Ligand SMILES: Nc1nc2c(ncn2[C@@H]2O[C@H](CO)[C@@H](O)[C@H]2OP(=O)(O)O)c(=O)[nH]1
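Okay, so here's just one chain, in structure tokens, the form solved without ligand 2GP.
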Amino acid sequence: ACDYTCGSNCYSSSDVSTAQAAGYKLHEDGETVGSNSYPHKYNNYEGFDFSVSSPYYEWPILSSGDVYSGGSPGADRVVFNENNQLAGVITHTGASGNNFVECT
């Protein structure tokens, strides 16, 4: 079963813990990867009910299970805060433009 489903991509809690660790280490190093420079700040204008406080940062989670290292980021993201707490799993799949919906 999937712990998180984004569109038709299925992720387990191991997949999310692995992506968050990689994204949080780049935040501590003051580094980014990719043409769109991830991780970067996430603004919660859609109002998802996250139970952890901001600031928030978005980082890609790949359907393949690999950690993101550049190239296409796909449409799914883990959002974590400044204290390395997971806020949620969201995706651009099924939302217009740069908006997001939550994975279920």
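In case it trips you up, residue 1 is the first one in the sequence shown, and so on.
Just so it is clear, the following notes concern the form solved in complex with ligand 2GP, a form of the same protein that is not shown.
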Practice task
Check the shown form for clashes with ligand 2GP: superpose the C-alphas around the site so the partner sits as in the bound PDB entry, and report blocked if 3 or more ligand atoms are within 2.4 Å of backbone or C-beta atoms, open if none are.
Solution key: blocked
Practice task
State yes or no: in the bound PDB entry, is some non-hydrogen atom of residue 44 no more than 4.5 angstroms from a non-hydrogen atom of ligand 2GP?
Solution key: yes
Practice task
Spell out, yes or no, whether the shortest heavy atom distance between residue 4 and ligand 2GP in the bound PDB entry is within 4.5 Å.
Solution key: no
Problem - Contact label in the bound PDB entry: residue 99 to ligand 2GP, heavy atom within 4.5 Å - result: yes
Practice task
Find out whether any non-hydrogen atom of residue 36 is located within 4.5 angstroms of ligand 2GP in the bound PDB entry, and reply yes or no.
Solution key: yes
Exercise for the section: At a 4.5 angstroms cut-off on non-hydrogen atoms, which residues of 47-64 are near ligand 2GP in the bound PDB entry? List them in order. Expected result: 58
